[PDB]
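Everything below concerns the one structure shown next.
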Amino acid sequence: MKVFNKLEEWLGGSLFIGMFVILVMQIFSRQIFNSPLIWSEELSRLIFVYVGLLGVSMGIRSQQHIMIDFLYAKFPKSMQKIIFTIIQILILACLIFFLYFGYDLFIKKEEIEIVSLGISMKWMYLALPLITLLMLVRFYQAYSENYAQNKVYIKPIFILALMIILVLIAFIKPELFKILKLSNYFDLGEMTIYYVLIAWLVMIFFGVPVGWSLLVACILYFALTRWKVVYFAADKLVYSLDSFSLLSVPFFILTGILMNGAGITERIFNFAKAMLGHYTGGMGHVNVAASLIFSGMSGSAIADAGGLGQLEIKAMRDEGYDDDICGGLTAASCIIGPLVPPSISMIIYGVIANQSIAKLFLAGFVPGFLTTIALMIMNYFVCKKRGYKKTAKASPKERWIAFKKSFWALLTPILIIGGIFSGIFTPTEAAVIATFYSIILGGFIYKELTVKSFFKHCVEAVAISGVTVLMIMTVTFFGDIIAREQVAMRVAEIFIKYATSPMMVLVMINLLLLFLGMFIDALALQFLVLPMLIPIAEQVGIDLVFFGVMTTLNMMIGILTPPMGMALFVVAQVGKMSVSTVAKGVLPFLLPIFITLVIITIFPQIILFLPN
Amino acid sequence: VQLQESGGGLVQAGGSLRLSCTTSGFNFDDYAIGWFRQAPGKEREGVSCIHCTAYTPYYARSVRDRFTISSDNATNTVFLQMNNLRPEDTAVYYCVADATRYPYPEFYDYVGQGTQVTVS
Ligand SMILES: CCCCCCCCCCCCCCCCCCCC(=O)O[C@H](COC(=O)CCCCCCCCCCCCCC)COP(=O)(O)OCCN
Ligand code: NA
Ligand code: NA
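Chains A and B, in that order, give the protein sequences. Mind the numbering: the first sequence is residues 1 to 612 in the deposited numbering, read in order. Mind the numbering: the second sequence is residues 2 to 121 in the deposited numbering, read in order.
Laid out in structure tokens, this is it:
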């Protein structure tokens, strides 16, 4: 049917709205009255397991799961089909692993009961195989698409036959899989983890998606040593989604779209353009101030660029600014987004490093202001050197009219930051209250949010969060494998051998991240290196909240470095200018960002001020 | 493959308990040896192992820096020295050995009788 082919859409939007309503009820019944609910958090997490798995299925269907294609795109067309076919078969093996070890978990945890809800725990684990069948469906459709464009080599009826054969073997006679058990053939000794790792790297550099590459690495490690433990480790594929700190990942995404599709960012930009803009290089100040105010609502740099680039570039080019400075400033001011709270990079770090998220937000607040001031200063110097003209001051009536019109938008960060700093709201409760306030703003104070559009925004929020959920739940699986073998301790010994002072360790880490971010996207890098880099930072005595802020700011530079910069591509698309022009125009503005990075590296007491 | 344990009992905080495990019936060097913990009613948790990890002994997160695992190939013995015993470590410690050198002491093939640790 035509409604089955869009099933995760209406099954994830509805569950998302249900979770949103449940959390809203919890927040109101805990604050307005002194009578909190006890079944709210656990039920919301139970719903989020299904929502995240539906997002993963959408990612499988759309082939939007993050990969590293620096070397993959350089192969010839003839030699690329073979690699892509092998990648598809690897994804199929991952999906069958998911199905088998989700069904086993469902049939093993039928006795443990959730205390608050009263239902058995299986109703959570049932999400893993039940959606996985759906995934397989999507996979096949995806492969058929990949075969209609001659992107593979195997006819997609052999893939269907292989899929049903493997499922029948897995649920009829699993013994036939013992042929594939590699521990019957190889005896690598205690250093198997140093083989699978390089195997992982090969898979990473041939274009395998990060989540599937990590899952295949775990499968290889457990097949090479002892398979009997993968029946117990696979639980980490589901226990990593039953997290209350992870529910804030979609909501902070959702409130980053309801603040653009409601026509709110236009009002904020108009207010900034009224207050500033009559200064020297005033339009640059308007750009940076608009990005600073909008960073208190959204938690992504790409959302900031997409939502404000057209407005800011148009306003700057109305005043006779050159294209290079327009593109450079509107691309460099994006990074203020994932620094001022809320941010999604810090939530991912707090999940990976098991750090507090409120402390991460409060710590990262100050570097955002340092970057804002530095960018304003650099823009002022650039415009005063070029000698750009000065716009007339806004009339005292307009400077008040614009503020009154865009007055309810400005209160969003005070709900969020003031809700987190004051301790009234946890980051997830802050996310839900921000979502509710954004709905009230767009639908009832500005009258620009319908119900169909709100549902579409919920669906795309789920779709966006799925590609992070997959990587989260496979990184949690691979982290224990890589941390029981003490690989990070060996790498830390090597670093201490090469770096004398802890400052030398910080410089080496920063150079490594700056070099990697040139070719590797920030989202992929944050799961590629951070699991194997946080333990080194812990061992050499580095504080992990400061390390998280520093790595976030270091990878946010990586979206401006022009071998591979996402912000450069986004700004080039929204500004109708070549990526070369944007890349050249951001070169002067990397100096203030580097200065901020250096002065937070050598003065960590700046960052660790608000949390303490 | 006989793994006979000794040591344990009841102590206060910081009592610094010490446990020993004598192994017989195999090569003390080939087989990965170790200890795991099990609370009175909760799931078993790995504590430590030698010969499992390539370079340094494996320690669990909740027992890192305050548990030390030592080897004596002369008498084929494994020692566990505890430091700063919190009252949450009142459990049973089992000595295990396995023919595969991988760091999972809770799923090792062989296992000894087990010794009780009580912390007040
Ligand atoms: C036209 C198509 C051409 C290409 C064909 C591709 C065919 C290969 C596809 C790969 C399939 C991988 C599936 C991975 C998940 C397995 C699901 C669970 C398997 C399972 O339980 O097996 C146990 C042992 O199997 C095991 O030990 C299995 C471990 C497998 C690990 C991965 C193997 C390494 C890769 C080898 C690739 C070889 C390719 C050449 C054909 C059985 O035992 P039990 O305890 O469950 O007992 C049962 C009593 N209930
Ligand atoms: Na932000
Ligand atoms: Na911008």
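Just so you know, even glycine gets a beta-carbon here, dropped at the ideal spot from N, CA and C.
{"Asked": "Residue environment, B/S7, which counts as buried when at least 16 other CB atoms sit within 10 Å", "Found": "exposed"}
{"Asked": "CB-CB length for B/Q5 against B/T23, believed under 8 Å", "Found": "5 Å"}
{"Asked": "Cβ contact (3+ pairs, closer than 8 Å) linking the region 275-282 of chain A and the region 369-388 of chain A", "Found": "yes"}
{"Asked": "Length-filtered (4 minimum) alpha helix (DSSP H) runs lying within the region 352-398 of chain A", "Found": "357-386"}
{"Asked": "Contact set between B/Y103 and chain A, taken where Cβ atoms lie within less than 7 Å", "Found": "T225, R226"}
{"Asked": "Exposure of A/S578, with buried meaning 16 or more beta-carbon neighbours within 10 Å", "Found": "exposed"}
{"Asked": "Expected contact under 8 Å - CB spacing of A/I335 and A/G585 to nearest Å", "Found": "Between A/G585 and A/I335 the Cβ distance is about 15 Å, and since that is not below 8 Å, they are no contact."}
{"Asked": "Within chain B, partners of A/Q486 - CB distance below 7 Å", "Found": "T54, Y56, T57, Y59"}
{"Asked": "A/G418 beta carbon near ligand 2 (any heavy atom closer than 7 Å)", "Found": "no"}
{"Asked": "Opposing strand residues paired with B/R67 [DSSP bridges]", "Found": "Note: B/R67 sits in no beta bridge, so no partner."}
{"Asked": "Own chain residues within Cβ distance below 7 Å of A/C94, not counting five before or after", "Found": "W212, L215, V216"}
{"Asked": "CB contact check: A/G350 to chain B, cutoff 8 Å", "Found": "no"}
{"Asked": "Under 8 Å by beta carbon: chain A residues contacting B/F27", "Found": "Within chain A, no residue comes near B/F27; the closest Cβ sits about 17 Å away, beyond 8 Å."}
{"Asked": "Cutoff 8 Å: B/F108 Cβ touching any chain A Cβ", "Found": "yes"}
{"Asked": "Chain-ordered residues of the region 167-190 of chain A with a beta carbon less than 7 Å from chain B", "Found": "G189, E190"}
{"Asked": "Integer-rounded CB distance, given that B/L18 should sit under 8 Å from B/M83", "Found": "5 Å"}
{"Asked": "C-alpha distance - B/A33 paired with B/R102, whole-angstrom precision", "Found": "5 Å"}
{"Asked": "Terminal residues of the alpha helix (DSSP H) in which B/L11 lies", "Found": "No alpha helix (DSSP H) holds B/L11; the beta strand (DSSP E) holding it covers 10-12."}
{"Asked": "Chain B contact for residue 632 of chain A (CB, 8 Å cutoff)", "Found": "Any property of residue 632 of chain A remains undetermined from this structure, which presents chain A solely from 1 to 612."}
{"Asked": "Bridge partners - B/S25, DSSP secondary structure assignment", "Found": "B/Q3"}
{"Asked": "Closer than 7 Å: A/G282 CB and nearest ligand 3 heavy atom", "Found": "no"}
{"Asked": "Given A/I66 as reference, the closest of A/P588, A/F4, A/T596, A/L528 once Cα atoms are compared", "Found": "A/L528"}
{"Asked": "Those residues which DSSP pairs with B/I34 across a bridge", "Found": "B/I51, B/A98"}
{"Asked": "heavy atom of ligand 1 below 7 Å from A/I172 C-beta", "Found": "no"}
{"Asked": "Chain-ordered chain B contacts of A/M489 [CB-CB under 8 Å]", "Found": "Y56, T57"}
{"Asked": "Separation of A/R61 from A/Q141, as counted between CA atoms", "Found": "7 Å"}
{"Asked": "Ligand 5 heavy atom lying under 7 Å from the CB of A/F97", "Found": "The model on display carries ligand 1, ligand 2 and ligand 3 but not ligand 5."}
{"Asked": "Cβ shell of A/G327 (< 8 Å), same chain only, five flanking positions each side left out", "Found": "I313, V571, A572, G575, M577, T581, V582, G585, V586"}
{"Asked": "Presumed contact (8 Å Cβ cut-off) between A/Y72 and A/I264, rounded CB distance", "Found": "With a Cβ gap of about 39 Å, A/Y72 and A/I264 do not count as contacting."}
{"Asked": "B/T57, buried or exposed, once every other Cβ within 10 Å from all chains shown has been counted against 16", "Found": "exposed"}
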